[PDB]
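Protein chains in written order, with PDB author numbering: chain A, 631 to 735; chain A', 219 to 315. A prime marks a further copy of an entry chain. Notes follow the structure.
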Amino acid sequence: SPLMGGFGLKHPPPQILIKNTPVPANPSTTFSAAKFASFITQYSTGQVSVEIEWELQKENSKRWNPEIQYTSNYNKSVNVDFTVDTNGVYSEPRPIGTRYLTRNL
Amino acid sequence: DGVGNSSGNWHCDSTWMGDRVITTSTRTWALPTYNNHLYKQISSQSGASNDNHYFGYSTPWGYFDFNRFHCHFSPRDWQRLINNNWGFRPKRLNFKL
C-alpha cells in the first residue's frame, strides 16, 4: 500500500505525455549543419476527459443506533463550503476522509 | 399442529431492495379479560363540562394497533429512510397471530 494512501498498482494508469511539435522560424538561404535555435513561439490548448469506473462495496451492518456520517454545517455562514467566493475562487475548507461507517473486527 | 408444536417463528427484520423496504416486526402480547366479559354503556354522567360530554360503549374486546412508525422501523432503519429518500409510502402489509 502506498504510504501516502491509495492503491498500490504494479501496472498503474500510464503516463500521458504531450508536447508541441517544433515549428522552425525563417532559415537561412545558405545551408548550415547546425541545429535550429529559432522557432515560432506557440502554445496549445484543448479539452481533456477522464472517465474512471469504480466498484463499490455496500454496507451490511446490523448496528442499531445511527452511525457517524459526514454532514455539512446547516448554520448561517458568509460562504457556503466547497463553493466559490465573491471573486469566483473555489476553495476546499477541510480534508474529507473516507472512514465514517463502522465494521466490527 | 397440536399443543407441543410451534405455530410460527420470530420474524423481526428489515430487508432493503432497490426501491422497496420490507420491515417485519414481532412482539409478545398479553390479553386480559375486559369488563368481565360485558358490554358497558359509558358516558359523562359523573359531571363533565359541555365540551367534555361523551356517550359510548366499552367492549370486552382487545384490538391490535401498529399505527406508529417505530413499530416497524428501528432508529437505524429510519435513518436509512430519511437520509436517502425523497419519498415513501406503504404498499402491502401482512399480519400474524
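Ideal Cβ positions, reconstructed from N, Cα and C, are used throughout, including at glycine.
Proximity test, Cβ basis, 9 Å: residue i and chain A
i                       : result
residue 293 of chain A' : yes
residue 324 of chain A' : What the structure shows of chain A' is the stretch from 219 to 315, and residue 324 of chain A' is not part of that stretch, so it cannot be assessed.
residue 297 of chain A' : yes
Closest residue to residue i among the options (Cα-Cα distance)
i                       : options                           : result
residue 277 of chain A' : A':302, A':221 and A':250         : A':250
residue 287 of chain A' : A':235, A':253 and A':241         : A':241
residue 713 of chain A  : A:690, A:722 and A:705            : A:722
residue 655 of chain A  : A:645, A:662, A:666 and A:647     : A:666
residue 257 of chain A' : A':280, A':264, A':248 and A':223 : A':280
residue 678 of chain A  : A:704, A:642 and A:647            : A:647
residue 694 of chain A  : A':283, A':285, A':295 and A':290 : A':295
residue 653 of chain A  : A:689, A:640, A:634 and A:670     : A:670
Residue i - partner residues in DSSP beta bridges
i                       : result
residue 260 of chain A' : A':274
residue 669 of chain A  : A:654
residue 231 of chain A' : A':242
residue 714 of chain A  : A:720
Cβ shell of residue i (< 7 Å), same chain only, five flanking positions each side left out
i                       : result
residue 314 of chain A' : 226
residue 699 of chain A  : 730
residue 229 of chain A' : 242 and 244
residue 262 of chain A' : 270, 271 and 272
residue 631 of chain A  : 638
residue 672 of chain A  : 650 and 653
8 Å CB neighbourhood of residue i in its chain, flanking five on each side removed
i                      : result
residue 697 of chain A : 691, 730, 731 and 732
residue 718 of chain A : none
Residues near residue i by beta carbon distance below 6 Å, same chain, minus five either side
i                       : result
residue 260 of chain A' : 274 and 276
* Anything in the segment 696-717 of chain A with a Cβ closer than 7 Å to a Cβ of chain A'? List those residues in chain order, please. => If the cut-off is 7 Å between Cβ atoms, the segment 696-717 of chain A has 696 near chain A'.
* Using Cβ-Cβ distances below 9 Å, what residues of the segment 664-693 of chain A are close to chain A'? -> 691, 692 and 693
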